[PDB]
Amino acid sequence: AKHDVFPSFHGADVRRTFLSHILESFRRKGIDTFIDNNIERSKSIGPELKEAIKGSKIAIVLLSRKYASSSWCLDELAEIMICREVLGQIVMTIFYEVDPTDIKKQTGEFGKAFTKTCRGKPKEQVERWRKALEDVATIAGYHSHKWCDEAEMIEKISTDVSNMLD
């Protein structure tokens, strides 16, 4: 391995706000977290990114309302789920202002974003994304709606993340 945590997230939803606080809390607890610049990304994930997902003991899927609007995020998710079966890789889920049923069934606004993304995409690739989304929602995780204090929720994420890597 080469990182503790690979974060998978859609930047527009969370990068300025919620993710920034998670990263601050992770470095405070010394959790080695992969970071990647927003501008650089190519049309496909490509090889460097996949090696980072392979190299991470934990993958944290931060699921947000427009996460399905990014083909890049959906490609990250498929690689993470393949890593879960083949490698030991642990997958954690943060349901940020989204219900798992919409993730599981591709329904609601998350489904609408997914439907627009799949327009123009190979049938096998669409099925891989759809299956990964269906699998990912069964992973029990943290729900932003059900925590009164977001700072307190993040501190619990860090505590659980640190416990799994020590």
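Numbering starts at 1 and runs along the sequence shown.
S.K.: Per the PDB record, is the mean Cα temperature factor higher over 116-124 or over 47-55?
M.R.: Per the PDB entry, the higher value belongs to 116-124.
S.K.: Tell me which stretch, 134-142 or 105-113, has the higher mean Cα B-factor listed in the entry.
M.R.: 105-113 has the higher mean C-alpha B-factor.
S.K.: From 64, 42, 33, 69, pick the one with the largest CA B-factor in the entry?
M.R.: Checking the PDB record, the top C-alpha B-factor among 64, 42, 33, 69 is at 42.
S.K.: Tell me, lowest, middle or highest third: where does the Cα B factor of residue 74 rank within its chain?
M.R.: Middle third of the chain for residue 74's C-alpha B-factor.
S.K.: By its CA B factor, does residue 82 count among the lowest, middle or highest third of the modelled residues in the chain?
M.R.: Within its chain, residue 82 is a middle-third residue by C-alpha B-factor, going by the deposited values.
S.K.: Where does the C-alpha B-factor of residue 5 rank in its chain, lowest, middle or highest third?
M.R.: For residue 5, the deposited C-alpha B-factor lands in the lowest third.
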